[PDB]
């Protein structure tokens, strides 16, 4: 149930998210007024597999609760399609189950997936990819923009060690998928920490032609350089998939995560980039917010931060709906 603060003295103008948030089955989405879809991914099995600190499986509801009380400035509804819960170490199945909801939702609304670990990215991409295949988009040019301190391009299948898909392999899996479909792997990793990624990961990134900006490269002086790079990245694709790993932010701003950023890139330093991406509300098909771990949050700081970001994206999606 979506509930929150009520200010009767304001009438219909005191509209908040809970006033227009509507829990519904993705199946009935085809019969509703066009809105923006919300999906939860309660899973941190990938986090555990990638040797991180578990807890993100409980994040979806807390982010939704925080979101419920935010003011809503659009006559557009928000459809809560529920949460896909991972059972045990059944990561792969959980990711496809989530992808299933996304695929059904995409024809009627753009979606925001709120999860546990960044393993959510494989679920989101699959949902997006399967939607394209199922709707005749033969060779989609998808721009994947990830704000993460990590490349998360780790190997998931190796005859050198016993590895498996995890919170650190999503984007490698995405590249693999693209290769076999004959699609381009257009990937941008912004805010990457060279102290958090070994030489192997940087080598893999260069090999795959990934465009990345290190945490230390963000500054008022380099904005011109990087926004232009961002612009060109955007110019070369028809669809955008925005994925935010909360561990990209300074530990002070996002304490509730598996690996609090020892350095990070401030929300304000990243804002210009977010604003540029969200301007292309036409191309923005989907997005997700990863790694919120309630177990390490402080007075719900991270939860609210995640809700504000979710809200920023929803506004862009909501404006697109009204645009058409």
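Positions refer to the first chain, counted from 1.
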Exercise. Do the CA atoms of 22 to 30 or those of 279 to 287 have the higher mean B-factor in the entry?
Worked result: 22 to 30
Seminar exercise, completed: When mean C-alpha B-factors in the record are compared for 84 to 92 and 241 to 249, the larger belongs to 84 to 92
Exercise. Based on what the PDB entry reports, which of 215, 236, 119, 152 has the top C-alpha B-factor?
Worked result: 236
For this session: Just grab whichever of 145, 230, 161, 129 has the top CA B-factor as deposited.
Result: 161
Seminar exercise, completed: On the chain's distribution of Cα B-factors, residue 314 falls within the third called lowest
Problem set entry | CA B-factor ranking of residue 13, expressed as a third of its chain | highest
For this session: Select lowest, middle or highest to describe the third in which the CA B-factor of residue 71 falls within its chain in this entry.
Result: lowest
For this session: Tell me, lowest, middle or highest third: where does the Cα B factor of residue 105 rank within its chain?
Result: middle
For this session: Check where residue 172 lands among this chain's C-alpha B-factors and tell me if it's the lowest, middle or highest third.
Result: middle
